[PDB]
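*Asks:* Can you keep this structure in mind? I'll have questions shortly.
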Protein chains: 2
Amino acid sequence: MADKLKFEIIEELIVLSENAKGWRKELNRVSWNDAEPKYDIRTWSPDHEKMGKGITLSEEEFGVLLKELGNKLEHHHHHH
Amino acid sequence: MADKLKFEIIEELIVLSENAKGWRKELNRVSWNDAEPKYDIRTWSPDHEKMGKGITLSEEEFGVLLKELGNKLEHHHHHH
């Protein structure tokens, strides 16, 4: 029984930025409640001791992300 | 003068999936509190009246995301 969710980081994919306190907003793959591992994107502590604003994505959904982002890359516009 | 943060959806990029109540986990460009629009990835209402669990991405972070995902597309991960 759990009144809480459990998270275990399986693989680190991309670190998008790092805070003065360290807090890194990163894309990784986490397993929730020892169940199916999926893609997670949020701001974590440098020690990963805490977490915040972010979302869970399945292999299907993140698959759609890869597809459509890959399409949009036809529009070669340099991000700042 | 607003307790909550002001936001407006400038453009939609990707819809990753849709909820029973409609709530779509999508990537779209949102302008926060009348300021510079950025990339946002979260679950929104189908009417986009509300938002929830998700994160802000700038030119910097979204650019790095596109890059390193574009690398990862070397792996023929069937997302199944």
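As shown in the structure tokens, the chain order sets the letters A, B, ...; within each chain, residues go from 1, and ligands are also counted from 1 in the order they appear.
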How close does each residue of chain B get to chain A, giving the shortest atom pair and distance in Å to one decimal for every residue with an atom at most 9 Å away, counting only C-alpha atoms, sorted by chain and residue number, as JSON lines?
*Replies:*
{"residue": "B:13", "atom": "CA", "partner": "A:68", "partner_atom": "CA", "distance": 8.2}
{"residue": "B:14", "atom": "CA", "partner": "A:68", "partner_atom": "CA", "distance": 6.6}
{"residue": "B:15", "atom": "CA", "partner": "A:64", "partner_atom": "CA", "distance": 8.1}
{"residue": "B:16", "atom": "CA", "partner": "A:61", "partner_atom": "CA", "distance": 4.9}
{"residue": "B:17", "atom": "CA", "partner": "A:61", "partner_atom": "CA", "distance": 6.5}
{"residue": "B:25", "atom": "CA", "partner": "A:55", "partner_atom": "CA", "distance": 8.5}
{"residue": "B:26", "atom": "CA", "partner": "A:65", "partner_atom": "CA", "distance": 9.0}
{"residue": "B:27", "atom": "CA", "partner": "A:65", "partner_atom": "CA", "distance": 8.3}
{"residue": "B:41", "atom": "CA", "partner": "A:55", "partner_atom": "CA", "distance": 7.6}
{"residue": "B:42", "atom": "CA", "partner": "A:55", "partner_atom": "CA", "distance": 6.0}
{"residue": "B:43", "atom": "CA", "partner": "A:55", "partner_atom": "CA", "distance": 7.9}
{"residue": "B:52", "atom": "CA", "partner": "A:53", "partner_atom": "CA", "distance": 8.6}
{"residue": "B:53", "atom": "CA", "partner": "A:54", "partner_atom": "CA", "distance": 5.3}
{"residue": "B:54", "atom": "CA", "partner": "A:54", "partner_atom": "CA", "distance": 3.6}
{"residue": "B:55", "atom": "CA", "partner": "A:54", "partner_atom": "CA", "distance": 4.7}
{"residue": "B:56", "atom": "CA", "partner": "A:54", "partner_atom": "CA", "distance": 8.5}
{"residue": "B:57", "atom": "CA", "partner": "A:16", "partner_atom": "CA", "distance": 8.4}
{"residue": "B:58", "atom": "CA", "partner": "A:80", "partner_atom": "CA", "distance": 8.5}
{"residue": "B:59", "atom": "CA", "partner": "A:79", "partner_atom": "CA", "distance": 4.9}
{"residue": "B:60", "atom": "CA", "partner": "A:80", "partner_atom": "CA", "distance": 5.7}
{"residue": "B:61", "atom": "CA", "partner": "A:16", "partner_atom": "CA", "distance": 4.7}
{"residue": "B:62", "atom": "CA", "partner": "A:16", "partner_atom": "CA", "distance": 7.5}
{"residue": "B:63", "atom": "CA", "partner": "A:79", "partner_atom": "CA", "distance": 5.5}
{"residue": "B:64", "atom": "CA", "partner": "A:16", "partner_atom": "CA", "distance": 6.3}
{"residue": "B:65", "atom": "CA", "partner": "A:16", "partner_atom": "CA", "distance": 6.7}
{"residue": "B:66", "atom": "CA", "partner": "A:69", "partner_atom": "CA", "distance": 6.8}
{"residue": "B:68", "atom": "CA", "partner": "A:14", "partner_atom": "CA", "distance": 6.8}
{"residue": "B:69", "atom": "CA", "partner": "A:66", "partner_atom": "CA", "distance": 6.9}
{"residue": "B:70", "atom": "CA", "partner": "A:70", "partner_atom": "CA", "distance": 6.8}
{"residue": "B:72", "atom": "CA", "partner": "A:13", "partner_atom": "CA", "distance": 8.9}
{"residue": "B:73", "atom": "CA", "partner": "A:66", "partner_atom": "CA", "distance": 7.7}
{"residue": "B:77", "atom": "CA", "partner": "A:63", "partner_atom": "CA", "distance": 8.7}
{"residue": "B:78", "atom": "CA", "partner": "A:63", "partner_atom": "CA", "distance": 8.2}
{"residue": "B:79", "atom": "CA", "partner": "A:59", "partner_atom": "CA", "distance": 4.9}
{"residue": "B:80", "atom": "CA", "partner": "A:59", "partner_atom": "CA", "distance": 6.9}
*Asks:* Quote the C-alpha RMSD, in Å to one decimal, that results from superposing chain B on chain A by least squares across all C-alpha atoms in order.
*Replies:* 0.8 Å
*Asks:* Would you return as a list in words the members of chain B that DSSP assigns to alpha helix (DSSP H) on this structure's backbone?
*Replies:*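 Across chain B, those assigned alpha helix (DSSP H) are residues 59, 60, 61, 62, 63, 64, 65, 66, 67, 68, 69, 70, 71 and 72 of chain B.
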*Asks:* Could you save those same residues with N, CA and C atoms as an mmCIF file, in the first residue's frame?
*Replies:*
data_model
loop_
_atom_site.group_PDB
_atom_site.id
_atom_site.type_symbol
_atom_site.label_atom_id
_atom_site.label_comp_id
_atom_site.auth_asym_id
_atom_site.auth_seq_id
_atom_site.Cartn_x
_atom_site.Cartn_y
_atom_site.Cartn_z
ATOM 1 N N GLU B 59 14.351 28.678 -25.879
ATOM 2 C CA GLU B 59 15.140 28.448 -27.104
ATOM 3 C C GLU B 59 16.355 27.546 -26.837
ATOM 4 N N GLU B 60 17.062 27.877 -25.751
ATOM 5 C CA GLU B 60 18.240 27.142 -25.250
ATOM 6 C C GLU B 60 17.945 25.643 -25.126
ATOM 7 N N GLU B 61 16.972 25.364 -24.262
ATOM 8 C CA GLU B 61 16.696 24.039 -23.717
ATOM 9 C C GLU B 61 15.984 23.157 -24.747
ATOM 10 N N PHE B 62 15.012 23.751 -25.460
ATOM 11 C CA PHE B 62 14.293 23.080 -26.551
ATOM 12 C C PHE B 62 15.233 22.799 -27.732
ATOM 13 N N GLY B 63 16.167 23.739 -28.008
ATOM 14 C CA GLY B 63 17.187 23.547 -29.038
ATOM 15 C C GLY B 63 18.067 22.335 -28.753
ATOM 16 N N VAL B 64 18.606 22.277 -27.513
ATOM 17 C CA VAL B 64 19.401 21.137 -27.018
ATOM 18 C C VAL B 64 18.577 19.824 -27.091
ATOM 19 N N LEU B 65 17.264 19.908 -26.765
ATOM 20 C CA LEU B 65 16.350 18.753 -26.800
ATOM 21 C C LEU B 65 16.296 18.176 -28.228
ATOM 22 N N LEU B 66 15.997 19.057 -29.221
ATOM 23 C CA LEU B 66 15.893 18.689 -30.659
ATOM 24 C C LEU B 66 17.184 18.033 -31.173
ATOM 25 N N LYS B 67 18.320 18.612 -30.744
ATOM 26 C CA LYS B 67 19.666 18.152 -31.112
ATOM 27 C C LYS B 67 19.911 16.703 -30.683
ATOM 28 N N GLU B 68 19.782 16.468 -29.373
ATOM 29 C CA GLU B 68 20.188 15.206 -28.759
ATOM 30 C C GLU B 68 19.149 14.100 -29.018
ATOM 31 N N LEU B 69 17.882 14.497 -29.270
ATOM 32 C CA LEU B 69 16.837 13.567 -29.749
ATOM 33 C C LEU B 69 17.129 13.169 -31.195
ATOM 34 N N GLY B 70 17.539 14.169 -32.000
ATOM 35 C CA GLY B 70 17.934 13.954 -33.390
ATOM 36 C C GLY B 70 19.122 13.006 -33.519
ATOM 37 N N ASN B 71 20.002 13.032 -32.493
ATOM 38 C CA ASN B 71 21.078 12.038 -32.334
ATOM 39 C C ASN B 71 20.450 10.652 -32.062
ATOM 40 N N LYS B 72 19.717 10.548 -30.915
ATOM 41 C CA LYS B 72 18.982 9.318 -30.458
ATOM 42 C C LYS B 72 18.165 8.592 -31.551
#
*Asks:* Taking the backbone alone, and naming residues the way the document does, which bits of chain B are strand (DSSP E) by DSSP, as a ChimeraX atom specification?
*Replies:* /B:7-19,22-32,37-44,51-57
*Asks:* Have a look at CA of residue 34 (chain A) and CA of residue 7 (chain A) and let me know their distance in Å, one decimal.
*Replies:* 7.7 Å
*Asks:* With only C-alpha atoms as the counted atoms, please give the residues lying no more than 10 Å from residue 32 (chain B), apart from itself and same-chain residues fewer than 2 positions off, as a ChimeraX atom specification.
*Replies:* /B:5-9,29-30,34-38,56
*Asks:* What separation in Å, quoted to one decimal, exists between CA of residue 21 (chain A) and CA of residue 39 (chain B)?
*Replies:*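 Separation between CA of residue 21 (chain A) and CA of residue 39 (chain B): 23.1 Å.
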*Asks:* Please provide as a PyMOL selection string all residues within 6 Å of residue 45 (chain A), with the sequence filter that same-chain residues fewer than 4 positions apart are discarded (counting only C-alpha atoms).
*Replies:* chain A and resi 23+49-50
*Asks:* Write the residues of the preceding selection, restricted to C-alpha atoms, as a compact mmCIF listing (two decimals), in the first residue's frame.
*Replies:*
# COMPACT_ATOMS: atom_id res chain seq x y z
CA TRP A 23 18.41 22.12 -10.07
CA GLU A 49 16.73 14.14 -3.89
CA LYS A 50 13.74 16.29 -5.01
*Asks:* I'd like to know which of A:33, A:28, A:75, A:19 is closest to residue 2 (chain A), using only C-alpha atoms.
*Replies:*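 Closest candidate: A:33.
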*Asks:* Taking only C-alpha atoms into account, which of A:31, A:74, A:1, A:12 comes nearest residue 44 (chain A)?
*Replies:* A:12
*Asks:* Just how far from CA of residue 11 (chain B) is CA of residue 76 (chain A), in Å to one decimal?
*Replies:*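 Atom-to-atom, CA of residue 76 (chain A) and CA of residue 11 (chain B) are spaced 18.0 Å apart.
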